[PDB]
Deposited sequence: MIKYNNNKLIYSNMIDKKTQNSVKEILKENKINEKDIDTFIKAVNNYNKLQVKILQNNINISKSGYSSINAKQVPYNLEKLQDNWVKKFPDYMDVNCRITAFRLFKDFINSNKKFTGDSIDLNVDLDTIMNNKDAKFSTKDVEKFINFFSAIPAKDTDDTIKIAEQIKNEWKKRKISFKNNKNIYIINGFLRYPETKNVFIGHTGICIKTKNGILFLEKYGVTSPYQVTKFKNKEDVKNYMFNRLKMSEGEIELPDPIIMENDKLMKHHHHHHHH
């Protein structure tokens, strides 16, 4: 298919994105925090990014590929060398930076949150991931792996995810054109499912705008999709770029997408 995207290198695209963010009621403080991370990241990796033909210097680019190619190995090398004491923010943290206020969480999680160890360390040591105690507990309660029954029926898994979030007293604020796309992967070895990739979806007149932190040490990417179908397919291609693995469970808030 075709991907229309921006890495938010230019200030005009950033301004554009900020407007759309502000229009959807995202806290202006969190928008600034997100934008500073974007600039701070871009500044750090500019010499690498500028050698990537697929990264736009201004406006949106286009490529007939399943994913935008990035020099993931060199980007990670540069991060580790310059910031050796902690990790960059990831998909979960970034998504949360923008969507935490649209999630209700009323239960402290004291289950198995081992999958978030890196994330939690970043939240403690990286200014880009600063969150209040309440928001950190929400983060853990929302993203901790969900117990699964090793079933390969996506519908059944989706229902277990929904049920588990209910048991954790998690709910989504209603009447919003902004929603979170959670790409769950099943891990039979640990009898659970966990959010392998995530990003925020915003419906506009042009279609749908998807925002994400491509991965830790990886670039930020904003993509313009025609419909939700392309968003689902995008998340799939991102999760399936990783021989005998279970298909992902792509959730749109608490509903199978």
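Stretches of the deposited sequence left without coordinates are 1-6, 249-251, 267-275, in sequence order.
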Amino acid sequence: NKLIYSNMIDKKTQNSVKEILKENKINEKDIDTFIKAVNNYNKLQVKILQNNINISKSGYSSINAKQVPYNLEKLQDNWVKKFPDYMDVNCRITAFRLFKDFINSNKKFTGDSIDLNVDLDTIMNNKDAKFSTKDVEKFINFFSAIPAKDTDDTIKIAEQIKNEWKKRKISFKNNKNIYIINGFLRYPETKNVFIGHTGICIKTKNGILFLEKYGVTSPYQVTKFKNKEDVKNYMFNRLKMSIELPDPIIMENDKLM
From here on, numbers count along this sequence of modelled residues.
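Legend: mean Cα B-factor per stretch from the PDB entry, 175-183 versus 130-138; the higher mean is in 175-183. Comparing 208-216 with 56-64, the stretch with the higher mean C-alpha B-factor in the PDB entry is 56-64. Residue-level inspection of the entry shows that, of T198, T223, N27, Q45, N27 has the top Cα B-factor. Per the PDB record, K107 has a higher Cα B-factor than any other of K162, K107, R92, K100. Sorting the modelled residues of the chain by their CA temperature factor places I155 in the highest third.
Annotation for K82: CA B-factor lies in the highest third of the chain's modelled residues.
Placement of the Cα temperature factor of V231 within the chain: highest third of the modelled residues, per the deposited record.
Ranked by C-alpha B-factor against the other modelled residues of its chain, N237 falls in the middle third. In this PDB entry, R168 carries a Cα temperature factor that places it within the lowest third of its chain's modelled residues.
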